[PDB]
There are 2 protein chains.
Amino acid sequence: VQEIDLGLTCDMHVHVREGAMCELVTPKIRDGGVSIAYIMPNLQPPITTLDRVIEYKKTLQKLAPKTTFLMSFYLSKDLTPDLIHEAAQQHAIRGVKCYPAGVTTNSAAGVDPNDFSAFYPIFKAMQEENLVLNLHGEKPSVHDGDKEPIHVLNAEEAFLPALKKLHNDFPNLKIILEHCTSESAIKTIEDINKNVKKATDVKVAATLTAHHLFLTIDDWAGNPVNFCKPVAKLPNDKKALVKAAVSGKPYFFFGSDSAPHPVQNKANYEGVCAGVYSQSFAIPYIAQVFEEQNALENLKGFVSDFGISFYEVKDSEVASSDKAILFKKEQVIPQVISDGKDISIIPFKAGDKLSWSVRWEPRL
Amino acid sequence: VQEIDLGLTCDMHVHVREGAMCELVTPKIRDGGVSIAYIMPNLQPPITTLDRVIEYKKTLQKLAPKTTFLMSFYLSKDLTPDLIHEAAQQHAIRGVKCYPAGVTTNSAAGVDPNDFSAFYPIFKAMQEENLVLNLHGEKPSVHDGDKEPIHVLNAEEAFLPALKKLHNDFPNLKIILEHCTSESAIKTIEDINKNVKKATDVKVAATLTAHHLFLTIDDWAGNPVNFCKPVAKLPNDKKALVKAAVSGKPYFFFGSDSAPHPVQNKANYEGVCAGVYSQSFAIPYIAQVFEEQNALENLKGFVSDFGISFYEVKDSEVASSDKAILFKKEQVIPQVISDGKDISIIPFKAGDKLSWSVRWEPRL
Ligand SMILES: O=C(O)c1[nH]c(=O)[nH]c(=O)c1F
Ligand SMILES: O=C(O)c1[nH]c(=O)[nH]c(=O)c1F
Ligand SMILES: [Zn+2]
Ligand SMILES: [Zn+2]
Ligand SMILES: [Zn+2]
Ligand SMILES: [Zn+2]
């Protein structure tokens, strides 16, 4: 069977929750073919204190000794530049994640992106310490008022001005538009990186999920299992995301936004939790897309090289030197992912066949 | 206003199912303030025979003696012009309802709207007999190679040409675009109706639901109770729909598309049954919108006059001459609507309070 050495794969947008759910999903990072994971902070309550981010990381390390964990804070008014400096100097975080209030899971304690001025001391501190600003790039929805309507389909586009202003005001701060879903955002990212020759010059980048390379509005209209934020959009939006994923440009790399929810939290007549679970087969899912696009030679950049460069991950910190090897053995995605206890999860593309599997081969 | 005599109210798009669901729902037509109901045929199996439509109507008259029932056939492959003539000749149907295959509930036995040709003999029979052609105006989805993609968001616009072609080929056939959801469809309807002041001259009309005058994509993205076909669209679309509902134009009238489903069929992680249940408070829902638009003087036209005119309902046919009186007593919508057995339904806007109630006054 054909094999591809992906090296030290990284997934820069991971949700692993807490408690039993965290015990179930955290080992799946390695099983899905991911060596390095950027852990998002939207817990109940959000991670805003040094003590809880340190304890949280250790909990993950206990659950997966071979997975490299990059941690983050949740952008909040509780944060202070002093806390940022202290946490950065103790190597306890690599970035801060911004949730606008109301747009997704555990975003109620989030920010109004019609401001982002109140957090400039925070960004100033983050810029000094080389920390990354991760953005959930969606404006809260507005329907009345002569300003024009913001809904789930244009909320990402409506956010692009805020991104451009932040990059302008903090030109040396590393910023990521997480999980791009629209062609407009892909273009905005390319235009921001127009004068860029070295991958190491990228200051604004974007992550792409597995599921936004497959899904359009039709797949989640009627299927909460496929509902997530930002929602999958129109067929042209999908096309633009795939071209970027296979483009080889250093400002687009893999972030799954694997967002596990127990099935009973998706099977609601009301208040369906947003979020798609892709961790268990993260890298194989991406392989399908690069295969169908005849672009397997670019797979390594999208899932390894560009994320390592952008986050400046050194062999000094990786918890295991094992390389993820993709081998072309068909498998079937199970119907559920379960701990054999209270938790059952419906995986992305449940019941479908993947061309590729993934294994771990030692180095040297 | 405190009281408004709405007269002989009309709901020209009603689903009452069969069995216990029907026993629960059919009396709610009257309790919702509706005197006249156009009954849709997408049962299992679809209503495609004279005998079945008679027993259905008879089942409904035993559950609601004071409700006037206009019945319909399901446009299927089993229909024949002779059946159309015979059914019209016995006053057993007032129209035939078209479902594109796969787009909505119990539509698997429906038609491909890219080849309506095979049903033209049916349309000549309907045209001679002055029956109405009700259209669920959505093309089935396609994400294929050459042709432009069709999804739940443009499927109604993608259907407008077929509507125009049908109007051109059968200029005397009364045709309704049921449940309009897009500004593009509103434009197409007015345009078709550009040279019409008499109101008996309208041949193509469109019904507007209760829920589409409130909902946008944001309200059903995470709330299956609000998922329906055609989906609620963008704020601009709602804007056109509300404007048309209150416009006083005779080519737009009320059809609820009240579509009852048991709660367990909305709380799926996949395959959520499309459909919003509005029957229990049909008229109060519409009252809210006309109040908020300072247009209560147009309420009677939208829920009574224009539908009676277009369907040519004569006092010969009405099962009760009782008048619907809207009185401003503010009530609260239950969280559930139940028969006290296996069936529970989440009503539209469950738990909200409505300014208006409705009662029945006899004619004297
Ligand atoms: O995209 C996100 O930010 C997000 N974050 C989450 O914690 N859960 C989600 O389900 C989700 F869609
Ligand atoms: O919109 C329709 O046509 C429709 N008809 C139905 O019978 N049930 C539905 O749930 C529905 F959405
Ligand atoms: Zn997000
Ligand atoms: Zn996320
Ligand atoms: Zn319909
Ligand atoms: Zn219907």
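First listed ligand is number 1; within each ligand, the first listed atom is number 1. The sequence lines fix the lettering, A, B, ..., with proteins before strands; numbering per chain opens at 1.
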Visitor: At a non-hydrogen distance cut-off of under 4.0 Å, which region of A:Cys228 contacts ligand 1 (side chain, backbone, both, or neither)?
Guide: neither
Visitor: How far is atom 9 (C) of ligand 1 from its nearest protein heavy atom, and which residue and atom is that?
Guide: A:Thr105 OG1, 3.2 Å
Visitor: Got the closest protein heavy atom to atom 10 (O) of ligand 1, with its distance?
Guide: A:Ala274 O, 2.4 Å
Visitor: Do A:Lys349 and A:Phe214 form a cation-pi contact, if we require the NZ or CZ to be under 6.0 Å from the six-membered ring centre and within 45 degrees of the ring's axis?
Guide: yes
Visitor: A:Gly275 heavy atoms, cut-off 4.0 Å: which ligand 1 atoms fall inside?
Guide: 10 (O), 12 (F)
Visitor: Are A:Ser184 and A:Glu157 close enough that a side-chain donor and a side-chain acceptor fall under 3.5 Å?
Guide: yes
Visitor: For B:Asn42 and B:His15, which I'm curious about, is there any donor-acceptor pair between the side chains at under 3.5 Å?
Guide: yes
Visitor: Closest approach of A:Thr67 and A:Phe69, non-hydrogen atoms and distance?
Guide: O-CD1, 3.2 Å
Visitor: What atoms of ligand 1 come within less than 4.0 Å of a heavy atom belonging to A:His179?
Guide: 1 (O)
Visitor: Would you say ligand 1 has an N or O under 3.5 Å from any N or O of A:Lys97?
Guide: no
Visitor: At under 4.0 Å between heavy atoms, which part of A:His13 makes contact with ligand 1: side chain, backbone, both or neither?
Guide: neither
Visitor: Could you tell me if A:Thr209 and A:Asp257 have a donor-acceptor pair between their side chains, going purely by distance under 3.5 Å?
Guide: no
Visitor: Should B:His13 and B:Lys97 be marked as a side chain to side chain contact (heavy atoms under 4.5 Å, CB included) after you check the CA-CA gap, both sets of side-chain angles, and the distance that decides it?
Guide: CA-CA 10 Å; B:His13 197 128; B:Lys97 169 66 168 314; 3.7 Å; yes
Visitor: Heavy atoms only: which of A:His261, A:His136, A:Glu138 lies closest to atom 3 (O) of ligand 1?
Guide: A:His136
Visitor: Counting only heavy atoms, which portion of A:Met40 has something under 4.0 Å from ligand 1: side chain, backbone, both, or neither?
Guide: neither
Visitor: Strictly distance-based, threshold 3.5 Å: is any side-chain N or O of A:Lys174 a donor or acceptor partner for the main-chain N or O of A:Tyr311?
Guide: no
Visitor: Looking only at protein heavy atoms, identify the closest one to atom 4 (C) of ligand 1 and say how far it is in Å.
Guide: A:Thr104 OG1, 3.3 Å
Visitor: We want to know whether A:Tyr74 and A:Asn106 form a side-chain donor-acceptor pair, criterion being a heavy-atom distance below 3.5 angstrom.
Guide: no
Visitor: Look at the rings of A:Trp220 and A:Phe227 and say which category their plane angle falls in: under 30° parallel, 30 to 60° tilted, over 60° perpendicular.
Guide: tilted
Visitor: Using a strict cut-off of 2.8 Å, how many protein N/O/S atoms surround the Zn ion (ligand 5)?
Guide: 2
Visitor: Identify the heavy atoms of B:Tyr38 and B:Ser72 that sit nearest to each other, and give their distance.
Guide: OH-CB, 3.1 Å
Visitor: For atom 5 (N) of ligand 1, find the nearest protein heavy atom and state the residue, atom name and distance (0.1 Å precision).
Guide: A:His15 CE1, 3.1 Å
Visitor: Quick check: A:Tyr99 and ligand 1, any N/O pair under 3.5 Å apart?
Guide: no
Visitor: Any idea which part of A:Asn106 is under 4.0 Å from ligand 1, heavy-atom wise: side chain, backbone, both or neither?
Guide: neither
Visitor: Which residue and atom name correspond to the protein heavy atom nearest atom 1 (O) of ligand 1, and how close is it?
Guide: A:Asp257 OD2, 2.8 Å
Visitor: Which atom names give the shortest non-hydrogen contact between A:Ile186 and A:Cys180, and what distance separates them?
Guide: CD1-CB, 4.0 Å
Visitor: So, applying side chain to side chain donor-acceptor pair (under 3.5 Å) with A:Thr181, which one of A:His211, A:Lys229, A:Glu156, A:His212 is it?
Guide: A:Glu156
Visitor: Do A:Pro260 and A:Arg17 have side chains that get closer than 4.5 Å, going by heavy atoms?
Guide: yes
Visitor: So which heavy atom in the protein is nearest atom 7 (O) of ligand 1, and how far is it from that ligand atom?
Guide: A:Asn42 ND2, 2.5 Å
Visitor: Hey, is A:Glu178 touching ligand 1 through its side chain, its backbone, both or neither, going by heavy atoms under 4.0 Å?
Guide: neither
Visitor: Tell me, do B:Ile346 and A:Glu270 make a side-chain contact under 4.5 Å, heavy atoms counted?
Guide: no
Visitor: Only heavy atoms of A:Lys229, strictly under 4.0 Å: list the atoms of ligand 1 that pass.
Guide: 1 (O), 12 (F)
Visitor: Is it true that A:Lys238 and A:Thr216 share a donor-acceptor pair across their side chains at a distance under 3.5 Å?
Guide: no
Visitor: Give the atoms of ligand 1, by number and element, whose distance to some non-hydrogen atom of A:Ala259 is under 4.0 Å.
Guide: 8 (N), 9 (C), 10 (O)
